[PDB]
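Enquirer: To be precise about what I am sending: the file is called input_4.txt and holds compact mmCIF, C-alpha atoms.
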# COMPACT_ATOMS: atom_id res chain seq x y z
CA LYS A 1 -192.98 52.29 -6.99
CA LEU A 2 -192.59 55.10 -9.51
CA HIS A 3 -189.59 57.40 -9.52
CA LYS A 4 -188.72 60.66 -11.22
CA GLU A 5 -185.70 60.95 -13.47
CA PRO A 6 -183.96 64.03 -14.98
CA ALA A 7 -184.62 65.09 -18.59
CA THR A 8 -183.69 68.21 -20.54
CA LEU A 9 -186.14 70.25 -22.55
CA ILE A 10 -185.31 70.35 -26.21
CA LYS A 11 -188.59 71.79 -27.52
CA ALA A 12 -192.32 71.87 -26.62
CA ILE A 13 -194.41 70.64 -29.55
CA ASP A 14 -198.07 70.66 -28.56
CA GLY A 15 -200.15 70.77 -25.42
CA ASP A 16 -199.71 66.99 -24.94
CA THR A 17 -196.28 66.47 -26.50
CA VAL A 18 -192.80 67.78 -25.68
CA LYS A 19 -189.40 66.77 -27.06
CA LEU A 20 -186.86 66.00 -24.33
CA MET A 21 -183.25 64.80 -23.98
CA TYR A 22 -183.62 61.64 -21.88
CA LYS A 23 -180.56 59.60 -20.90
CA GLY A 24 -178.55 61.23 -23.69
CA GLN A 25 -181.32 60.39 -26.13
CA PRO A 26 -183.53 62.92 -28.02
CA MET A 27 -187.14 61.74 -27.72
CA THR A 28 -190.69 62.89 -28.15
CA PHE A 29 -192.77 62.36 -25.01
CA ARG A 30 -196.53 62.10 -24.98
CA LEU A 31 -198.07 63.19 -21.69
CA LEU A 32 -199.74 60.25 -19.93
CA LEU A 33 -203.50 60.27 -19.31
CA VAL A 34 -204.51 63.59 -20.89
CA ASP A 35 -206.21 64.61 -24.12
CA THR A 36 -205.54 68.26 -24.94
CA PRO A 37 -207.09 70.25 -27.80
CA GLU A 38 -204.67 70.16 -30.70
CA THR A 39 -203.09 72.63 -33.05
CA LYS A 40 -201.71 69.82 -35.24
CA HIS A 41 -204.44 67.22 -34.97
CA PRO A 42 -204.59 64.67 -37.87
CA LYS A 43 -208.10 65.45 -39.19
CA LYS A 44 -209.53 68.37 -37.19
CA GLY A 45 -206.42 70.57 -37.43
CA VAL A 46 -206.34 73.47 -34.91
CA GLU A 47 -209.11 72.90 -32.35
CA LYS A 48 -210.49 75.40 -29.85
CA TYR A 49 -208.18 75.87 -26.82
CA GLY A 50 -205.46 74.14 -28.84
CA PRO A 51 -203.15 77.24 -28.94
CA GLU A 52 -203.93 77.88 -25.27
CA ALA A 53 -203.15 74.32 -24.09
CA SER A 54 -200.07 74.50 -26.30
CA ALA A 55 -198.89 77.86 -24.86
CA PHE A 56 -199.53 76.67 -21.31
CA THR A 57 -197.37 73.50 -21.62
CA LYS A 58 -194.67 75.52 -23.42
CA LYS A 59 -194.56 78.22 -20.72
CA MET A 60 -194.50 75.63 -17.97
CA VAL A 61 -191.56 73.66 -19.32
CA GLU A 62 -189.59 76.54 -20.74
CA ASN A 63 -189.47 78.44 -17.48
CA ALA A 64 -188.59 75.38 -15.42
CA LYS A 65 -185.33 74.99 -13.51
CA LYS A 66 -185.68 71.21 -13.45
CA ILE A 67 -187.65 68.91 -15.72
CA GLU A 68 -188.31 65.32 -14.56
CA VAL A 69 -190.02 62.33 -16.19
CA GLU A 70 -191.84 59.67 -14.24
CA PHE A 71 -192.68 56.50 -16.22
CA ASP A 72 -195.70 54.48 -15.08
CA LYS A 73 -195.64 50.69 -14.55
CA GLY A 74 -196.69 49.60 -18.06
CA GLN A 75 -194.97 50.13 -21.43
CA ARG A 76 -192.81 53.24 -21.67
CA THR A 77 -193.20 54.05 -25.35
CA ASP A 78 -196.27 53.98 -27.56
CA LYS A 79 -196.53 52.61 -31.13
CA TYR A 80 -195.22 55.91 -32.54
CA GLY A 81 -192.07 55.65 -30.46
CA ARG A 82 -193.10 58.35 -28.03
CA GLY A 83 -192.17 57.96 -24.35
CA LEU A 84 -195.25 57.80 -22.13
CA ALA A 85 -194.68 59.71 -18.94
CA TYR A 86 -195.94 62.10 -16.30
CA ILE A 87 -193.79 65.24 -16.80
CA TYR A 88 -192.78 67.38 -13.80
CA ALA A 89 -191.77 71.04 -14.03
CA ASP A 90 -190.07 72.08 -10.80
CA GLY A 91 -192.05 69.48 -8.98
CA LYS A 92 -195.40 70.41 -10.51
CA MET A 93 -196.95 67.78 -12.79
CA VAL A 94 -197.64 69.33 -16.18
CA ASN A 95 -200.21 66.60 -16.85
CA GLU A 96 -202.29 67.59 -13.79
CA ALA A 97 -201.74 71.33 -14.29
CA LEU A 98 -203.41 71.20 -17.72
CA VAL A 99 -206.37 69.22 -16.42
CA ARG A 100 -206.72 71.63 -13.46
CA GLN A 101 -206.91 74.63 -15.89
CA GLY A 102 -209.59 72.98 -17.99
CA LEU A 103 -207.08 72.82 -20.83
CA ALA A 104 -207.31 69.00 -21.03
CA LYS A 105 -209.61 66.02 -20.43
CA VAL A 106 -208.49 62.88 -18.61
CA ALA A 107 -207.86 60.37 -21.42
CA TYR A 108 -209.65 57.05 -21.71
CA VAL A 109 -207.38 54.64 -19.83
CA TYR A 110 -207.42 50.90 -19.26
CA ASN A 111 -203.86 49.62 -19.75
CA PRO A 112 -201.42 49.38 -16.75
CA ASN A 113 -200.32 53.03 -17.12
CA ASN A 114 -202.99 54.36 -14.79
CA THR A 115 -201.29 55.14 -11.48
CA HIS A 116 -202.42 58.82 -11.26
CA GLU A 117 -205.76 58.38 -12.96
CA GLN A 118 -207.81 59.14 -9.82
CA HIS A 119 -205.79 62.21 -8.95
CA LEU A 120 -206.37 63.58 -12.47
CA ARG A 121 -210.08 62.82 -12.42
CA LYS A 122 -210.31 64.88 -9.22
CA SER A 123 -208.62 67.90 -10.86
CA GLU A 124 -210.87 67.59 -13.91
CA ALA A 125 -213.99 67.46 -11.77
CA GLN A 126 -212.81 70.66 -10.02
CA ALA A 127 -212.05 72.35 -13.32
CA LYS A 128 -215.45 71.32 -14.70
CA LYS A 129 -217.09 72.67 -11.56
CA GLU A 130 -215.27 76.00 -11.89
CA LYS A 131 -216.32 76.06 -15.58
CA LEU A 132 -212.81 76.63 -16.82
CA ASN A 133 -211.89 77.02 -20.50
CA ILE A 134 -212.81 73.70 -22.05
CA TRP A 135 -215.69 73.55 -19.53
CA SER A 136 -216.89 77.17 -19.87
Using the file provided, produce a representation of the structure as structure tokens.
Expert:
Amino acid sequence: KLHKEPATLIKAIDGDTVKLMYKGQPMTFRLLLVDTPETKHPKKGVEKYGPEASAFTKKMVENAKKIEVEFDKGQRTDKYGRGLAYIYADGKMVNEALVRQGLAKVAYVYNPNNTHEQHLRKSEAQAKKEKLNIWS
């Protein structure tokens, strides 16, 4: 079973990436299962809804009383050294919140880190249906 652990916000970096203090260790965390428009995307640069998805994540974590990380059951860091987790802001999952606002798409998943994939696909379908932001 998955469990949430405490972390401390250091700095939000993008819509899908935040830097946290985890177990006395400064780390960059990549949000599991979501692809958000980017402001600092390798080739494309600043994509549409990038600043929005970025401001949303930032607001959500910065105004939180408690930040928690929940690792899935597969590997916990990607090839770039980024922790792969579901991030919770005062009990609300940032990953799902972005998808629900149409500020993110559910990422292509196959590997063992897929526990909340269905839940996210449900929020994305709702967001699409409501024609929100990315889906407008």
Enquirer: Show me a table, sorted first by chain and then by increasing residue number, of the residues of range 60-110 of chain A having an atom at most 10 Å from range 5-21 of chain A, each with its shortest atom pair and the distance in Å to one decimal, counting only C-alpha atoms and written as a Markdown table.
Expert:
| residue | atom | partner | partner_atom | distance |
| --- | --- | --- | --- | --- |
| A:60 | CA | A:12 | CA | 9.7 |
| A:61 | CA | A:9 | CA | 7.2 |
| A:62 | CA | A:9 | CA | 7.4 |
| A:64 | CA | A:9 | CA | 9.1 |
| A:65 | CA | A:8 | CA | 9.9 |
| A:66 | CA | A:6 | CA | 7.5 |
| A:67 | CA | A:7 | CA | 5.7 |
| A:68 | CA | A:6 | CA | 4.6 |
| A:69 | CA | A:5 | CA | 5.3 |
| A:70 | CA | A:5 | CA | 6.3 |
| A:71 | CA | A:5 | CA | 8.7 |
| A:82 | CA | A:17 | CA | 8.9 |
| A:83 | CA | A:19 | CA | 9.6 |
| A:84 | CA | A:17 | CA | 9.8 |
| A:87 | CA | A:18 | CA | 9.3 |
| A:88 | CA | A:6 | CA | 9.5 |
| A:94 | CA | A:16 | CA | 9.3 |
| A:95 | CA | A:16 | CA | 8.1 |
| A:98 | CA | A:15 | CA | 8.4 |
| A:103 | CA | A:15 | CA | 8.6 |
| A:104 | CA | A:15 | CA | 8.6 |
Enquirer: Distance CA of residue 106 in chain A-CA of residue 135 in chain A, one decimal place?
Expert: 12.9 Å
Enquirer: A:73, A:79, A:105, A:100: which is nearest residue 126 in chain A, counting all atoms listed in the file?
Expert: A:100
Enquirer: For CA of residue 77 in chain A and CA of residue 47 in chain A, determine how far apart the two atoms are, in Å to one decimal place.
Expert: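 Going from CA of residue 77 in chain A over to CA of residue 47 in chain A covers 25.6 Å.
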Enquirer: Between CA of residue 81 in chain A and CA of residue 24 in chain A, what distance in Å does the model show, to one decimal?
Expert: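 One can read the CA of residue 81 in chain A to CA of residue 24 in chain A distance as 16.1 Å.
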Enquirer: Counting all atoms listed in the file, which residue out of A:32, A:27, A:89, A:46 sits closest to residue 109 in chain A?
Expert: A:32
Enquirer: Go ahead and find all residues with at least one atom no further than 12 Å from (-204.9, 79.9, -28.8) in the file's coordinates, using all atoms listed in the file; report them as a list in words.
Expert: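 Residues with an atom close enough to that point: residues 14, 15, 37, 38, 39, 46, 47, 48, 49, 50, 51, 52, 53, 54, 55, 56, 103 and 133 of chain A.
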Enquirer: So, counting all atoms listed in the file, which residue among A:63, A:127, A:92, A:85 is closest to residue 22 in chain A?
Expert: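 Of A:63, A:127, A:92, A:85, the one nearest residue 22 in chain A, counting all atoms listed in the file, is A:85.
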